[PDB]
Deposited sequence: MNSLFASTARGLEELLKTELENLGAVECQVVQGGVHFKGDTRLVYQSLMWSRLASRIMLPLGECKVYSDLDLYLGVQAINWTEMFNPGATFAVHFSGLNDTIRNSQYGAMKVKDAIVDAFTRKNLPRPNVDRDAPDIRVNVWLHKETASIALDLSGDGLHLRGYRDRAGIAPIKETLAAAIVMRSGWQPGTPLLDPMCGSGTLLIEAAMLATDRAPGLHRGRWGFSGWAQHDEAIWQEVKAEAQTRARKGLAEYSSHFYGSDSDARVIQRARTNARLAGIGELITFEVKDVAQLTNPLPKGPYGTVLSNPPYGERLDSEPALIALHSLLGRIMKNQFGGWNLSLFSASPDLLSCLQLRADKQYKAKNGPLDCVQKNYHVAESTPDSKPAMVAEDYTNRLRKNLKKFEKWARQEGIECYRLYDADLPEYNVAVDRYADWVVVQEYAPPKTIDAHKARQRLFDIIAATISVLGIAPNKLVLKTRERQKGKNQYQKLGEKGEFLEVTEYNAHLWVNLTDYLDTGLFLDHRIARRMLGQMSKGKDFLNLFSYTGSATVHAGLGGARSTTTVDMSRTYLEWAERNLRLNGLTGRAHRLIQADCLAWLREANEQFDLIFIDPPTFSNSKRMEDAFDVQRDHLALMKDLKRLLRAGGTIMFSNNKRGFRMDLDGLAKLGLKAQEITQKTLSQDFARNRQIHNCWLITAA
């Protein structure tokens, strides 16, 4: 009765125990990261050939207490190396674990290594060579809490290398995890299995080996036991031969099929070679195909399962559409099917709009992942979608009528979806305002908006709570630069469009001034209306550079168009020149619009040529114009806020209020 240990990924131990027991193992004890078990020497070779879940399988050689190096040296030498190595066998030591005496792991290894060599030097035998890459004898030692455990590694190479891929390597999913994922999938061997995002095919290949009774060790080239003198070749020959017979019959008897697809031609071609190396390639069909055009290859039945490890990665809008469309295609074409998915993004899985009936947690290196299983039978924020479809009908018609390219599709209409949706030509921005539940609710709003607009995930930009392609856009006759992703705002406030169009009509032969100019869109409108000159002032160099670029865009360059970088309040206090048309649109907040607007109109009065107009805007909620103070200043104010409110901003209840201030 031999005593063995198999290691695995944390989370797989119970699966491992069942598998070990099924192939004959007795007296199994799960422990953290592995499974102690026992069996005769046949059972040892049988477990090496047949375990799909084990990382390594090992033969414990002993164990000792480790204070002082000496304990360790002495502990190691209690084992009879000289007559366990076959002559010429190379070796390596893997040491993990630390304590007070062994403070470094490579020290741990070096010491064991010396102790083993000194077992040979002592008997006037030649020193065994250490060979890190492919030793014939690999010895593991695991130091935990003053005890050191020594084992011979019978795997050699880790057992996930079935022999159908590559010693190096780095697969997103190790072959052992893949096997687990298939076992947990609810997939029934003998029924079709399909993976529409298959990458290199590992999930499909593990399923086909497992279904066709094809042993994980069948195609390996190397084991840990071959340099070991207690090695029993006759027994290993029996296991080997039984493996062959079982594989030949499983493959020949199999009647279902495997379907894999990916949009990447390069991985499909690796998947195809991998499947073929695994002996199983006649049972799988790989094609280069996008999930979008995914069809059920058996529309008349039998039902099977769809299994997959979708991407998760921003590319959020694209990923949401991907998960969302997958869900839609499942329901449409795979009615009756079992679905199982392995992801690092539960939020993305929620986009399928299916309720999982089973779920598993698993680590895939340093990344938490779930696997969820779904059964597909045989409306996703109706609320929000409804208002959107309708707003789209109303505003699309309106925009085309009005010759406008950039407008608000949705402005927090429903208080339970607190988002803005803006259209800029072919693009779309959604701005989250204020509130996993919430993220999924955001995903649902994005999924829905994409669906309702019939747009293209590429062209939606999400700017939320928490490399700049600028876009050329029109506003009536003006052309403007926007940047949809890089700044707090886009370079264009759409609700002011009518005031801007008004500046345009009022402008021929006029000296125009624009204060708190931001990106200067209003200056562009005034310049195209035949301003005789424009002066555009703002405190931000970035925003004036953009202003300038907007002017350039409309052929408005040269001596007649000035941009000035100043605090506008000081520039007002100090300026001499006069203007026919002053557009002024300050921030609400040493300046408060409510308190200060009167002192503003005082200074602005001296800048205002006889006959001129000032157009004054602000967006303070409950702004009161001091009409009394204006009349004192020999000024009159005419409110045009209604005349300047645009339809896409009507049911807003936030208010840009607007005034034409003139003389007496």
Ranges missing from the model, given as deposited sequence positions: 314-316, 382-389, 447-452, 484-496, 620-627
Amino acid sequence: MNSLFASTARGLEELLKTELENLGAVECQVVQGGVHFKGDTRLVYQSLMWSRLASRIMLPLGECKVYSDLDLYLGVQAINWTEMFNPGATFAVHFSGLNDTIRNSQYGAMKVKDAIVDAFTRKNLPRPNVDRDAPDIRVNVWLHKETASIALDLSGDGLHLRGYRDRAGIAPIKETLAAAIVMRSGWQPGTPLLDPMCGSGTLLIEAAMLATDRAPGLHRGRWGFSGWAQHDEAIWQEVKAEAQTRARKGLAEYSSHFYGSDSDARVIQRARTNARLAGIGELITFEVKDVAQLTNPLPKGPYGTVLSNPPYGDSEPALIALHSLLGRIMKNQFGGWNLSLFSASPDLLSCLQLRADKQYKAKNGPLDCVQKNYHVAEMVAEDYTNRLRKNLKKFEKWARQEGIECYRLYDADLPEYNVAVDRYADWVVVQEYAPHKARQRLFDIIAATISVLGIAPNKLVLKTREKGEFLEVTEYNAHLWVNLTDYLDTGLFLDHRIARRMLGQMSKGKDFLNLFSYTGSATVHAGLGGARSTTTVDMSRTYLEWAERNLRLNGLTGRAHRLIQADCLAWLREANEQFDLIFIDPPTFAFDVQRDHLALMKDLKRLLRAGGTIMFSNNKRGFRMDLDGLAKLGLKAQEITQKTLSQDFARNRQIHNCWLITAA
From here on, numbers count along this sequence of modelled residues.
Mean CA B-factor: is it higher for 96-104 or for 341-349? 96-104
Residue range whose averaged C-alpha B-factor is higher in the record, 412-420 or 508-516: 412-420
Among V112, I280, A478, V537, the highest C-alpha B-factor in the PDB entry belongs to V112
When the CA B-factors of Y407, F85, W546, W187 are compared as recorded in the entry, which is the largest? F85
Lowest, middle or highest third: where is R497 by Cα B-factor in its chain? middle
Pull the Cα B-factor of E316 out of the PDB entry and bin it into the chain's lowest, middle or highest third. middle
Sort the modelled residues of this chain by their C-alpha B factor and say whether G301 lands in the lowest, middle or highest third. middle
Would you please rank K643 by its C-alpha temperature factor against the other modelled residues of its chain and give the third it falls in: lowest, middle or highest? highest
Sort the modelled residues of this chain by their C-alpha B factor and say whether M625 lands in the lowest, middle or highest third. highest
